[PDB]
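With full-length UniProt numbering applied, the sequence shown corresponds to residues 491 to 913, in that order.
The C-beta atom is built at its ideal place from N, Cα and C for all residues, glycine as well.
What follows is a set of notes on a single structure, which appears directly below.
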Amino acid sequence: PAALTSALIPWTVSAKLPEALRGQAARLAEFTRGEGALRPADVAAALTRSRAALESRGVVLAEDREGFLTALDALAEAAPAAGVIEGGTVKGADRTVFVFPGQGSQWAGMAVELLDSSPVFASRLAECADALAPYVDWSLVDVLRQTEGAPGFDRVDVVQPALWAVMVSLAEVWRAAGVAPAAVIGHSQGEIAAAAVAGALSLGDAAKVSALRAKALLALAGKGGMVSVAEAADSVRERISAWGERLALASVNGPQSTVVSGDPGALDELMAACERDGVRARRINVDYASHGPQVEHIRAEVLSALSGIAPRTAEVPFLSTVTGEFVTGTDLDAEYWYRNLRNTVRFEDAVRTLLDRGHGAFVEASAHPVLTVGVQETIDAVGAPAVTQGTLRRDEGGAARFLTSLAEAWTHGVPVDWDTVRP
Numbered sequence: 491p492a493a494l495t496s497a498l499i500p501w502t503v504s505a506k507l508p509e510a511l512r513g514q515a516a517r518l519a520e521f522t523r524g525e526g527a528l529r530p531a532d533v534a535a536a537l538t539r540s541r542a543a544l545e546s547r548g549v550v551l552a553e554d555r556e557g558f559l560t561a562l563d564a565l566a567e568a569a570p571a572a573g574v575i576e577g578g579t580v581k582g583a584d585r586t587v588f589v590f591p592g593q594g595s596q597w598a599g600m601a602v603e604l605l606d607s608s609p610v611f612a613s614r615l616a617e618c619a620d621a622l623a624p625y626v627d628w629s630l631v632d633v634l635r636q637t638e639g640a641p642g643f644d645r646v647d648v649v650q651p652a653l654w655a656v657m658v659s660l661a662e663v664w665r666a667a668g669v670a671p672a673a674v675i676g677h678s679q680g681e682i683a684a685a686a687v688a689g690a691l692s693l694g695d696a697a698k699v700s701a702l703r704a705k706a707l708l709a710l711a712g713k714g715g716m717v718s719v720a721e722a723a724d725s726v727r728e729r730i731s732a733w734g735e736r737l738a739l740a741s742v743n744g745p746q747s748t749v750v751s752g753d754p755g756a757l758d759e760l761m762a763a764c765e766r767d768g769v770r771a772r773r774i775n776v777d778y779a780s781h782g783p784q785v786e787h788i789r790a791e792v793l794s795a796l797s798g799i800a801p802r803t804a805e806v807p808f809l810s811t812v813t814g815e816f817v818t819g820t821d822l823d824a825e826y827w828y829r830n831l832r833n834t835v836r837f838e839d840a841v842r843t844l845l846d847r848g849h850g851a852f853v854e855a856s857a858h859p860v861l862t863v864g865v866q867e868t869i870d871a872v873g874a875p876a877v878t879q880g881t882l883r884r885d886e887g888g889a890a891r892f893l894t895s896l897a898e899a900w901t902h903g904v905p906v907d908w909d910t911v912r913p
């Protein structure tokens with residue numbers, strides 16, 4: 491099965507330097523100008539295969555001759571345009587980290603266009619739907635589409651497993667396209683998708699954790715919230731200390747980027763306090779306070795719902811944002827999944843760990859990028875040569891956006907296999 495199948499076709503070029511790259515673009519443009527009956531699949535073939543690509547890289551995506559012309563002329567002039575991607579390779583980019591976020595990446599119609607342009611997506615997502623089916627009464631594809639008849643994303647027991655299934659399925663497209671993860675990292679619920687991709691849970695077990703943990707959370711909905719605070723974790727911890735159990739440090743996403751959870755009234759006064767200090771604080775659109783004391787109320791339920799899972803050794807390294815260490819995978823039992831919900835998400839710490847181990851590329855396997863800013867903030871503060879990128883975006887959930895994500899990656903030295911993308 492193809493990773494993607496699209497009318498948008500990629501042509502790849504590379505050189506030893508930017509300036510020579512731009513020359514290759516012009517040569518290619520000269521060739522297409524005189525071509526006439528151009529066969530763009532033939533050209534793409536010819537550009538890739540055996541040839542090993544150089545450090546400075548470019549991709550143009552287009553459906554026809556005229557589209558290739560517009561894109562190549564822009565590439566050759568360093569002008570920016572749709573379907574033009576350019577970049578240079580990054581040390582350690584082939585040790586690519588997959589990132590699985592939590593909440594916030596959903597949108598009506600997310601990835602549903604891919605169903606048609608990706609056999610690998612469609613079949614992994616159908617497996618996710620089978621895995622979920624003992625646990626849920628709604629239809630996965632109908633919820634993704636938000637068809638009349640399906641429940642909405644305003645239910646935590648709907649949105650969380652739908653996102654789980656999307657992220658598990660997007661990751662497998664990256665894999666089918668030749669991008670094997672060197673490690674996975676997850677953010678809250680995202681760890682559940684990460685565990686499934688890494689092989690530390692079966693798909694059935696990961697679906698159960700996703701669905702049944704989300705149901706337990708129903709008891710917290712409407713009783714709390716979260717706010718982002720653009721302040722370092724240490725300062726935030728000191729600041730919220732005054733409120734006690736009414737607030738909690740829910741996530742540390744970057745050196746100046748944290749999320750605080752807790753009771754609605756406490757969150758209002760936290761924001762006012764931040765504002766007083768010139769610190770940007772913003773209310774996130776969720777109505778539960780996870781990663782804090784409220785979660786104690788569903789502990790026994792979570793522990794009991796998930797007593798039967800069978801975690802097992804992970805085939806892809808899994809760096810816990812709960813413990814801040816790589817795990818074997820056999821430790822991802824009910825108590826782990828409770829801890830994940832109860833405790834601070836140490837996202838920045840994990841990223842720093844991976845950066846120090848020389849990983850050069852981070853890929854968010856999501857429907858919309860929500861952690862790409864926080865990865866970039868930690869990359870910048872460390873000064874590492876590494877890149878971060880997403881997969882899809884809101885209102886762009888098909889092969890067009892995915893191909894352009896693969897292109898960005900490839901330009902940075904992520905080892906995309908262009909054969910896997912078919913006309």
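Is it right to say residue i is buried, meaning 16 or more other beta carbons lie within 10 angstroms of its own, or is it exposed?
i      : result
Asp647 : buried
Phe588 : buried
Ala762 : exposed
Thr820 : exposed
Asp695 : buried
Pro624 : exposed
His787 : exposed
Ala527 : exposed
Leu896 : buried
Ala800 : exposed
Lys698 : buried
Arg736 : buried
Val719 : buried
Classify residue i as helix, strand or coil using the three-state DSSP reduction.
i           : result
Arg832      : helix
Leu702      : helix
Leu737      : strand
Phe588      : strand
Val656      : helix
residue 917 : Absent from the structure is residue 917, since the part of the chain shown begins at 491 and ends at 913.
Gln866      : helix
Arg541      : coil
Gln879      : strand
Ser725      : helix
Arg772      : strand
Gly715      : strand
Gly744      : strand
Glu886      : strand
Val649      : helix
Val749      : strand
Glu662      : helix
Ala640      : strand
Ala667      : coil
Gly694      : helix
Residue i to residue j, Cα distance in whole Å?
i      : j      : result
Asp777 : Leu739 : 16 angstroms
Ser613 : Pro491 : 10 angstroms
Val663 : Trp733 : 45 angstroms
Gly594 : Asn775 : 8 angstroms
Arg585 : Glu638 : 43 angstroms
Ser780 : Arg635 : 27 angstroms
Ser607 : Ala571 : 23 angstroms
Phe892 : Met716 : 30 angstroms
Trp501 : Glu576 : 12 angstroms
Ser504 : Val742 : 38 angstroms
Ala497 : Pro745 : 42 angstroms
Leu693 : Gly798 : 14 angstroms
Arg766 : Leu822 : 42 angstroms
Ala771 : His858 : 22 angstroms
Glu567 : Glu509 : 10 angstroms
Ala552 : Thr560 : 9 angstroms
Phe521 : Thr901 : 23 angstroms
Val841 : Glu721 : 18 angstroms
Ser747 : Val533 : 45 angstroms
Residue range of the alpha helix (DSSP H) that residue i falls in?
i           : result
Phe611      : 609-622
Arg766      : 754-766
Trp908      : Careful: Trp908 lies outside any alpha helix (DSSP H) and carries neither H nor E.
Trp900      : 889-902
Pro508      : 508-523
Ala561      : 555-566
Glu681      : 680-688
residue 460 : Because the chain spans 491 through 913 in this model, residue 460 falls outside it and cannot be assessed.
Of all the CB atoms in chain C, is at least one closer than 8 angstroms to the CB of residue i?
i      : result
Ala685 : Given the protein chain composition of this structure (a single chain), no chain C is represented.
Provide the residue span of the beta strand (DSSP E) that contains residue i, from first to last.
i           : result
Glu576      : 574-578
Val674      : 673-676
residue 923 : With the chain represented from 491 up to 913, any question about residue 923 goes unanswered, as that position is not in the structure.
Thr502      : 499-505
May I ask whether a heavy atom of the ligand ATP can be found less than 7 angstroms away from the beta carbon of residue i?
i      : result
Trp628 : As presented, the structure is devoid of all ligands, the ligand ATP included, so that no description of it is given.
Could you pull out every unbroken alpha helix (DSSP H) segment of at least 4 residues lying fully inside the stretch 778-863, listed in chain order?
-> Here the runs fully enclosed are 789-795, 824-832, 837-846.
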